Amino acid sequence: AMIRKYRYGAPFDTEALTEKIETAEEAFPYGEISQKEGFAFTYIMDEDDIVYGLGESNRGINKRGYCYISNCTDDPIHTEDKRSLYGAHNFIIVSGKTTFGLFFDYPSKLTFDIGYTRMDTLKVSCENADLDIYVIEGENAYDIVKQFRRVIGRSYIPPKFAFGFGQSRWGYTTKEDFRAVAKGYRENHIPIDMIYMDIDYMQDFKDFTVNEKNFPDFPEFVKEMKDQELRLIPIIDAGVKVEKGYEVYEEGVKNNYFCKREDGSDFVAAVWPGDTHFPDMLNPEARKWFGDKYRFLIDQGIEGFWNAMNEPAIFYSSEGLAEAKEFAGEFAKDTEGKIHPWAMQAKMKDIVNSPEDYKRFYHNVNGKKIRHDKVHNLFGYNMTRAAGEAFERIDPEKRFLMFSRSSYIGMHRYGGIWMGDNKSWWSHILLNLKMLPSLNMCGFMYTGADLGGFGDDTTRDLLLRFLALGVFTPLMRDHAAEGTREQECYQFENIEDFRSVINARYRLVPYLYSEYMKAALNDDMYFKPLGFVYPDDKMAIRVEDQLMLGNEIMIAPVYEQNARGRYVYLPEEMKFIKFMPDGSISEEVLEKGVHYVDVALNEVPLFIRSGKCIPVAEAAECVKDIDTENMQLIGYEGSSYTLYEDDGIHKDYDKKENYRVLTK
């Protein structure tokens, strides 16, 4: 009654929903459907409508006034013009006088023209009319989001250590590199739980190998780190290296587990190893084979992983390379100025992540071949699903850390996502903030961005402000590209400021983890737009640089360089709280309305809502050492908080022993 499914043509089964909804019979209940030019849904919005959703996509929380195309794309330059990033999250809510949610279950290129062409017109369109459209009804947008969260299945739940702080760099290669990271944090008493291992840890970029010269006793080294409460989190990519003798490659060939050209040859895509093949993520037996290979790492002590390049990213194909070389030969011989350097330049760019390559290979789904572009947005999803389903077979009682770059709705059951290759730009703090609630609407709660900025060179103050937002995001990882200025906390003067900010994270871990688990187990949102909590406050509904967290707090990060504070709007009385660098917590009651608040570079702010409180632990240097027996309670007198707490390792969620009421 509250969700209806409208079927068009013969849709590929994405497995996004875990609940079966019957196909509806009536006319489509909103706007107009046309099949003249492929498929197009057209809706005239009211002037005051706000459009929420789209998970990981560009720009802001209110999606009105631009174009967004669902088409998982490896693009490391997240500027305002960009229409497609890594995630295809096809859920939107029109919120206004007439309110409703739509989920377009369609696995290929889907274009949301949300007031781009004409301010009052929403147009969603695709090439083929083979899809299911879920219409979700409800009193308000938050109600609709919650009904959607129910039908898509419970969100991935990480192990508790994954609520600590993590440090990654594309470049850590040797034991010395990793030991220097360990020392730089530990000797400076800066809290940390995780060090990420990027591609250089493998033998020549081969999946499910480790470099034999650098790590001849990898299990010893994993334990060396683990004994210090540092969990190594290695990367796995989609491309399996073409190499004679390499068992992952031999088996994929012999057993037909790779994506193939139409003629049945194994399709070649160059990535880090050079020539690779792509496991056929849409073939259940190839999925199981690939997933089971994680055993190689789990058996050495590894308790978490991350996946990149799973769009799948393609540096070039063999076809593209040959074309590019042919064109280069012509340009080289050109003595008549007919081939301009810009055309040579365009061809070199065109061979990367080419739409032509995405039509050159196929998925074998139970004997039936489907051209990749027709199901492009399912690849990363199904790669992460291969890993999650494997973890269940390998150790069903245990939570593993898992997150991915590319994703589609349904993947949120098996892994988190990080926001991909961002930049050391102040505008990317705000971008990180704004994606959060949208990711929550689509079931992806375990999420975060590369703190300090992945690409380009950070500054001390930019990294501090990034970190102060990261305090609140379930994934809190400082990560960086090769060639960039080093951005570990210990690379800067006055390291005490970094200690202070990260201490605030650890002091809030019990609260944050508790809210995560409550949200996940109840199909609810960890971050929410203000309008979800204050539906009747016309000013609240349009705030976009603050977020509600749980039912107790609101966050409002500073994202302007040189700012000593920022403006906020409080839709009710709250206590303005800051974690101070001397270890103390300042508190000030602020009334409903507009305020300017002072927030220094080494201070972490939040607001506790009227009639609420939160527990705050003493600072500890790893998750395991956090003392949750004797936590102080901050907020309003006479209020109470329900703390969710478990062993953070296993899957025993239902128990009454997991909850205790704390009373201020």
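Residue numbers run from 1 along the displayed sequence.
Annotation for 332-340 versus 419-427: the higher mean temperature factor (C-alpha) is found in 332-340. In this entry, 3-11 has the higher mean Cα B-factor, the comparison being between 3-11 and 654-662.
Per the PDB entry, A129 shows the highest C-alpha temperature factor of the residues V248, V558, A129, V271. Annotation for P234, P510, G87, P159: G87 ranks highest, by Cα B-factor. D49: CA B factor lies in the lowest third for its chain, per the PDB record.
In the PDB entry, a CA B factor belonging to the lowest third of its chain's modelled residues is recorded for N62. Looking at the C-alpha B-factors along this chain, the one for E397 belongs to the highest third. Ranked against the other modelled residues of its chain, the C-alpha B-factor of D200 as given in the entry falls in the middle third. Among all modelled residues in its chain, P581 ranks in the highest third by Cα B-factor.
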